[PDB]
């Protein structure tokens, strides 16, 4: 301004009240750092959520009485319910997931061994579904020579599909989808996975189902990713994998995971000459709220 001023030797201040309350179920906002940003206020800080420290920024605001109105944005890199593959046509690693900004997300990387090397999340899908407690969940992605495909579930007995030309990937599938199969909620519940069979033009779909004895997978096949699916092993007594045939005594559930793929690429090829399933399992008498179930990895190896 017009002149330089010195610090006083003795300080007196006026104060605002609290300028913002923590949003998002957080306990506190802390440790503020501020810069002027194009005539506006840009503030980062620490926060506490459920006892643990994280960080955040406030949306831009012009006047101090607006600080309490703007967004409070967690610094986050979560990729819940992921799908990992190398997209060979553009030599880029892909991590698809849910609970990002849009219905499904993807991130890119040049080295998937680094868990903090992923891009910020890009839109993979933006659509919604009706008749579902959860909304769209548990995406998986697979390509053939012509198209990339997105499949997903809804805890509602339906499996859904969208497609794009392969040259357009990576990118968003948009909002539209097509119902692929429908059954009771328990029979087509979640954790859809789709694979190509090594050496033949045939595809395998597995879907997690709710059984009387625990979670299990039902299998289907197709000769075209865009076609109809025929049941393979699809009852609880004769499942693709479940308590009836897993040989696993540490868990009843055989639940959301991935067949061991013989390639890292977008074709999701598996080799049924040694079919193996990396599943989540839990102690049989574990219980309580779904979020706290004590799931751990297990591996099934087909008895030939």
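Positions refer to the first chain, counted from 1.
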query: Which of 71 to 79 and 215 to 223 has higher mean CA B factor, as the PDB entry lists it; finding: 71 to 79
query: Greater mean Cα temperature factor according to the PDB record, 109 to 117 or 230 to 238; finding: 109 to 117
query: Out of 152, 189, 203, 169, residue topping the C-alpha B-factor column of the entry; finding: 169
query: Residue 277 - Cα temperature factor, lowest/middle/highest third of chain; finding: lowest
query: For residue 248, the third of its chain into which the C-alpha B factor falls; finding: highest
query: Where the record places residue 257 (Cα B-factor, split into thirds across the chain); finding: lowest
query: CA B-factor ranking of residue 26, expressed as a third of its chain; finding: middle
query: Chain-relative CA temperature factor third for residue 173; finding: highest
